[PDB]
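Participant: Attaching a single structure in structure tokens format; questions to follow.
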Amino acid sequence: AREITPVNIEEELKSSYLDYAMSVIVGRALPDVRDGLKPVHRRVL
DNA sequence: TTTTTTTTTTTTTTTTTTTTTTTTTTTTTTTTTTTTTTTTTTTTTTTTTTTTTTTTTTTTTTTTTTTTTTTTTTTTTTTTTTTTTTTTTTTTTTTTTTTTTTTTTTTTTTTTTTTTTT
């Protein structure tokens, strides 16, 4: 691995935004259908 | 060993621009002054029977000047076009909801030092 390794802006943007979007969708905002709680409520309880 | 070329930051102080303190004009805001509404009671006004002498409408006839009337030529009415205003689709922007990422301030208390004023 070199000190500097070029990366396309499209791939970096796609990877970063998809990681953030999937993380939010799966574990910040929507509730689970079974227990009806977000991860915040589950962890607090 | 002496002597010669070049390079920049300072003696800089002045020109240009920027920043920061100012105060005229149309849009708010508190006051006094004039329009509204509900009670008391109060002499006062006003609703309803009886009698009465009145003065205007309906028998009948008359005319004349407003109702008949026809026609010329105007002139208001209608047509087209275009501009001005009103009104409603369209678009844009902003706010709130709930989990996330980030920050930012005001005062007590004592003791010692800078930092201005007299």
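Every chain in the structure tokens has a letter given in the order shown (A, B, ...), and although residue numbers restart at 1 in each chain, ligands are simply numbered from 1 in the order shown.
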Write down, as a list in words, each residue of chain A that has any atom within 9 Å of an atom of chain B, counting only C-alpha atoms (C1' of nucleotides).
Facilitator: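 That gives residues 28, 29 and 40 of chain A for chain A.
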Participant: Write out as a PyMOL selection string each polymer residue whose atoms come within 12 Å of residue A:25, counting only C-alpha atoms (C1' of nucleotides); drop sequence neighbours fewer than 6 positions from it.
Facilitator: (chain A and resi 17-19+31-32+38-39) or (chain B and resi 99)
Participant: Using the selection just defined, write its residues with N, CA, C and O atoms (P, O5', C5', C4', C3', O3' and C1' of nucleotides) as a PDB file, in the first residue's frame.
Facilitator:
```pdb
ATOM      1  N   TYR A  17     -22.148   7.268   0.929  1.00  0.00           N
ATOM      2  CA  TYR A  17     -23.561   7.576   1.095  1.00  0.00           C
ATOM      3  C   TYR A  17     -24.387   6.311   1.273  1.00  0.00           C
ATOM      4  O   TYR A  17     -25.354   6.309   2.039  1.00  0.00           O
ATOM      5  N   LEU A  18     -24.032   5.222   0.586  1.00  0.00           N
ATOM      6  CA  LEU A  18     -24.760   3.974   0.786  1.00  0.00           C
ATOM      7  C   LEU A  18     -24.535   3.424   2.186  1.00  0.00           C
ATOM      8  O   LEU A  18     -25.474   2.906   2.803  1.00  0.00           O
ATOM      9  N   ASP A  19     -23.309   3.530   2.710  1.00  0.00           N
ATOM     10  CA  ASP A  19     -23.053   3.092   4.080  1.00  0.00           C
ATOM     11  C   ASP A  19     -23.886   3.891   5.071  1.00  0.00           C
ATOM     12  O   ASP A  19     -24.551   3.317   5.944  1.00  0.00           O
ATOM     13  N   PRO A  31     -38.789   1.610  12.942  1.00  0.00           N
ATOM     14  CA  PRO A  31     -38.912   0.607  14.003  1.00  0.00           C
ATOM     15  C   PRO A  31     -39.076  -0.797  13.449  1.00  0.00           C
ATOM     16  O   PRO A  31     -39.537  -1.008  12.327  1.00  0.00           O
ATOM     17  N   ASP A  32     -38.690  -1.770  14.268  1.00  0.00           N
ATOM     18  CA  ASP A  32     -38.909  -3.163  13.913  1.00  0.00           C
ATOM     19  C   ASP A  32     -40.395  -3.485  13.987  1.00  0.00           C
ATOM     20  O   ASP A  32     -41.110  -2.985  14.857  1.00  0.00           O
ATOM     21  N   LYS A  38     -37.436   1.373  18.074  1.00  0.00           N
ATOM     22  CA  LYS A  38     -36.170   1.697  17.438  1.00  0.00           C
ATOM     23  C   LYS A  38     -35.034   1.163  18.302  1.00  0.00           C
ATOM     24  O   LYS A  38     -35.257   0.757  19.444  1.00  0.00           O
ATOM     25  N   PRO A  39     -33.802   1.118  17.780  1.00  0.00           N
ATOM     26  CA  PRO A  39     -32.675   0.691  18.630  1.00  0.00           C
ATOM     27  C   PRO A  39     -32.447   1.573  19.843  1.00  0.00           C
ATOM     28  O   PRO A  39     -31.960   1.081  20.868  1.00  0.00           O
TER      29      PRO A  39
ATOM     30  P    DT B  99     -37.372   9.703  18.699  1.00  0.00           P
ATOM     31  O5'  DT B  99     -36.170   9.043  17.882  1.00  0.00           O
ATOM     32  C5'  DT B  99     -34.859   9.000  18.405  1.00  0.00           C
ATOM     33  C4'  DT B  99     -33.851   8.962  17.279  1.00  0.00           C
ATOM     34  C3'  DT B  99     -32.395   9.083  17.723  1.00  0.00           C
ATOM     35  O3'  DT B  99     -31.615   8.013  17.206  1.00  0.00           O
ATOM     36  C1'  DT B  99     -32.904  10.692  16.038  1.00  0.00           C
TER      37       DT B  99
END
```
Participant: Got a sec to tell me which of chain A DSSP assigns to helix (DSSP H, G or I), as a PyMOL selection string?
Facilitator: chain A and resi 9-27+39-44
Participant: As an exercise, work out the distance from atom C1' of residue B:27 to atom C1' of residue B:95 in Å and give it to one decimal place.
Facilitator: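 The value is 27.6 Å.
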Participant: Quote the spacing between atom CA of residue A:44 and atom CA of residue A:27 in Å to one decimal place.
Facilitator: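 Atom CA of residue A:27 lies at a distance of 14.2 Å from atom CA of residue A:44.
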